[PDB]
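We give structure tokens for two forms of one protein chain below, kept apart as structure 1 and structure 2.
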Structure 1
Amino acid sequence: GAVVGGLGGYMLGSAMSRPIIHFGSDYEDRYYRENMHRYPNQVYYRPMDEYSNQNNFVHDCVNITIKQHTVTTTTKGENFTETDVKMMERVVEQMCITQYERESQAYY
């Protein structure tokens, strides 16, 4: 809900399909596939009349877009994927078991 500093003068583009990007490592390749929805699908940018080259336009766009995405608030639930749910059920169960042993030890 907050806004990163110095965002005045930037405009928000219309959504686009998140690019399908492939990676060498199978890890990164699968990771992106399962997590891309967690990244933006639109970017912030300044008026064309302010630039003389693509590079500077892109520089500004990438940096402020990532910063704004980063400060954007959200619950951990929407940030978690199927994989995370699976991971948590496993770790929380082991920890819930550790808590049981703690309670039993110092019982009463």
Structure 2
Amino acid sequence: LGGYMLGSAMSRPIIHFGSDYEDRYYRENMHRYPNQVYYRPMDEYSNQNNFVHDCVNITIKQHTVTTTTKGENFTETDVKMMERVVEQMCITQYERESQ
């Protein structure tokens, strides 16, 4: 949390992967994934992609260094699938930030 903003809650988007197993998987596991992003402020960024990249890395770390505190565990597919949904949310957050 040293230097970050935390965005408000957003409805988790649906991600499609091109297999029914993956779609089904995500849809049943999505409650375990973030619904708010951590990010660094707008004005540190030259462009929206650099913003999104970081926002993904940071959120993912903060969510996993707090779920493992609970007692939770994530498969390597979960983090694949988290990267996907956190990307969309971060894109939404950049969008809120500029409007």
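Between two forms, the rigid core is defined as the largest C-alpha subset superposing within 1.5 Å. Residues that one form lacks are left out of the comparison. Counting starts at 1 and follows the sequence of structure 1.
The two rigid parts differ in orientation between structures 1 and 2, with the smaller turned by 178° against the larger. Lined up on the core, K76 has its CA atom moved by 7.6 Å between structures 1 and 2. Core superposition places the Cα of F23 2.3 Å apart between structures 1 and 2. The Cα position of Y39 changes by 0.1 Å between structures 1 and 2 once both are aligned on the rigid core. Taking residues common to both forms and aligning the rigid core, Cα displacements of 2 Å or more over three or more consecutive positions between structures 1 and 2 occur only in 73-105.
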